[PDB]
Q: 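I'd like to ask some things about the structure below.
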Amino acid sequence: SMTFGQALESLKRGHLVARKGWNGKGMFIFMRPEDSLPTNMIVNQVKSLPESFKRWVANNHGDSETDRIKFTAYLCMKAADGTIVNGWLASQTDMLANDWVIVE
Ligand SMILES: Nc1nc2c(ncn2[C@@H]2O[C@@H]3COP(=O)(O)O[C@H]4[C@@H](O)[C@H](n5cnc6c(=O)[nH]c(N)nc65)O[C@@H]4COP(=O)(O)O[C@H]3[C@H]2O)c(=O)[nH]1
Ligand SMILES: Nc1ncnc2c1ncn2[C@@H]1O[C@@H]2COP(=O)(O)OP(=O)(O)OC[C@H]3O[C@@H](O[C@H]2[C@H]1O)[C@H](O)[C@@H]3O
């Protein structure tokens with residue numbers, strides 16, 4: 001048996017984990033790391049953000065002032081169809097289950 005709590009501690013240590021009880025097959029979850037980025041980079045360089053958010057950052061930072069924004073750690077899933085889902089969330093079942101397994 002393995003709890004979500006134990007799976008989370010394995011995730012925090014960099015492992016890939018999954019539930020035997022999921023409907024989809026061949027899936028797993030993993031943690032993406034925290035990073036703190038300079039505001040100028042966010043505004044002028046990061047491709048993976050909408051323009052309205054780059055605008056909010058620019059208007060609160062000016063591409064100046066030694067400024068940084070922390071992007072917190074989060075969970076992701078390699079889904080059944082091979083896509084990567086940023087921001088995996090745990091169902092009630094996932095949270096309370098004890099069929100978790102280390103995938104790698
Ligand atoms: N749509 C999409 N594209 C993705 C994804 N993962 C990687 N990429 C693409 O791969 C590029 C390189 O990512 P990186 O080496 O992690 O280099 C990243 C990383 O070092 C940092 N960064 C940006 N956003 C985050 C974030 O939310 N968390 C962390 N930890 N770092 C971030 O800024 C660098 C530059 O980011 P970009 O200019 O956007 O450049 C990104 C982006 O074009 C994803 O989940 N979705
Ligand atoms: N392509 C995906 N994109 C995002 N997230 C995914 C995908 N695929 C799986 N997940 C996550 O794994 C859990 C179990 O996987 P699953 O058993 O295969 O889910 P499902 O049969 O497709 O049903 C769907 C319901 O499952 C619950 O948890 C899901 C999701 O959090 C949710 O509330 C769903 O509304």
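Excluded from the calculations below are hydrogen atoms, water molecules and symmetry mates; all remaining heavy atoms, backbone and side chain alike, are included. Residue numbers count from 1 along this sequence.
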Q: Will you find, in the side chains of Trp22 and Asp94, an N or O donor that is under 3.5 Å from an N or O acceptor?
A: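 Indeed, the side chains of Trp22 and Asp94 share at least one donor-acceptor pair under 3.5 Å.
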Q: Check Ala80 against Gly24 and note the closest heavy-atom contact, atom names and distance.
A: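 It is CB-CA, 4.4 Å.
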Q: In terms of hydrophobic clustering (I, L, V, M, F, W, Y; side-chain heavy atoms under 4.5 Å; direct or indirect links), are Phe28 and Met77 co-clustered?
A: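 No, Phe28 does not connect to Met77 through the hydrophobic network.
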Q: Roughly how far, to the nearest 0.5 Å, is CZ of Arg55 from CG of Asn59?
A: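 Here the rounded value is 8.5 Å.
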Q: Ignoring hydrogens, what is the shortest heavy-atom contact between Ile102 and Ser10? Give both atom names and the distance.
A: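 In terms of heavy atoms, the two residues are closest at CG1-OG, 4.0 Å.
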Q: Heavy-atom distance under 4.5 Å between the side chains of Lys70 and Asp35, does that happen here?
A: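 Side-chain contact under 4.5 Å: no.
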Q: When you look at CD of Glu104, are more than 12 heavy atoms from neighbouring residues, nucleotides or ligands closer to it than 6.0 Å?
A: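 At most 12 heavy atoms, drawn from other residues, nucleotides or ligands, come within 6.0 Å of this atom.
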Q: State yes or no: do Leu8 and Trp100 share one hydrophobic cluster built from I, L, V, M, F, W and Y residues joined by side-chain heavy-atom distances below 4.5 Å, directly or via other members?
A: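 They do share one cluster, since a chain of ILVMFWY contacts under 4.5 Å joins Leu8 to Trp100.
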Q: What are the two closest non-hydrogen atoms of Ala90 and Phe4, and how far apart are they?
A: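 Of all heavy-atom pairs spanning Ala90 and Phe4, the closest is CB-CZ, 4.0 Å.
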Q: Is it true that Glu9 and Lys12 have a side-chain N and a carboxylate O under 4.0 angstrom from each other?
A: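 Yes.
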Q: How far does CE of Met31 sit from CG of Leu16, to the nearest 0.5 angstrom?
A: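 So the gap between those two atoms works out to 11.5 Å.
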Q: Calculate, to the nearest 0.5 Å, the distance between atoms OG1 and CD belonging to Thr72 and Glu34 respectively.
A: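 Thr72 atom OG1 to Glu34 atom CD measures 7.5 Å (nearest 0.5 Å).
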Q: Using a side-chain heavy atom cutoff under 4.5 Å and only I, L, V, M, F, W and Y, what cluster partners does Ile69 have?
A: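 Listed partners: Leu37, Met41, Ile42, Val43, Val46, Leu49, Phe53, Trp56, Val57, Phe71.
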Q: I'd like to know whether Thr93 forms a side chain to side chain contact (heavy atoms under 4.5 Å, CB included) with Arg19, so could you lay out the CA-CA distance, the side-chain angles of the two residues, the decisive distance to 0.1 Å, and finally the verdict.
A: CA-CA 10 Å; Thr93 321; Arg19 277 193 57 220; 3.8 Å; yes
Q: Is the backbone of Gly26 close enough, under 3.5 Å, to the side chain of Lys78 for a donor and an acceptor to pair up by distance?
A: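 Yes, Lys78 side chain to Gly26 backbone: donor-acceptor pair under 3.5 Å.
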Q: Output, in order, the C-alpha distance, side-chain angles, deciding distance and verdict of side chain to side chain contact (heavy atoms under 4.5 Å, CB included) for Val101 and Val17.
A: CA-CA 6 Å; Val101 292; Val17 299; over 6 Å; no
Q: Return yes if some donor-acceptor pair links the side-chain N/O of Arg68 with the main-chain N/O of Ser36 below 3.5 Å, else return no.
A: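 Yes, the answer is positive, given that a donor and an acceptor are paired below the 3.5 Å cut-off.
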Q: By side chain to side chain donor-acceptor pair (under 3.5 Å), which residues pair with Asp63, not counting sequence neighbours?
A: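 Side chain to side chain donor-acceptor pair (under 3.5 Å) list for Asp63, sorted by chain: empty.
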Q: Which atom pair, heavy atoms only, marks the closest approach of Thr39 to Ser64?
A: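 That closest heavy-atom pairing would be OG1-O, 4.0 Å.
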Q: State which residues pass salt bridge (charged side-chain N to carboxylate O under 4.0 Å, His left out) with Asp67; sequence neighbours excluded, sorted by chain then number.
A: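 In terms of salt bridge (charged side-chain N to carboxylate O under 4.0 Å, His left out), with neighbours along the sequence ignored, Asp67 is linked to no residue.
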Q: Is a donor on one side and an acceptor on the other found under 3.5 Å between the side chain of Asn98 and the backbone of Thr3?
A: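 A pair under 3.5 Å: no.
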Q: Quick check: closest heavy atoms across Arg32 and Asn86, and the distance to 0.1 Å?
A: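 It is NH1-OD1, 3.0 Å.
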Q: I'd like to know if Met2 and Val103 are part of one continuous hydrophobic network [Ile/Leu/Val/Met/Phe/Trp/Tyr, side-chain heavy atoms within less than 4.5 Å].
A: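 No.
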Q: With hydrophobic residues grouped by side-chain heavy-atom distances under 4.5 Å, do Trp88 and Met27 end up in a single group?
A: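 They do share one cluster, since a chain of ILVMFWY contacts under 4.5 Å joins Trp88 to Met27.
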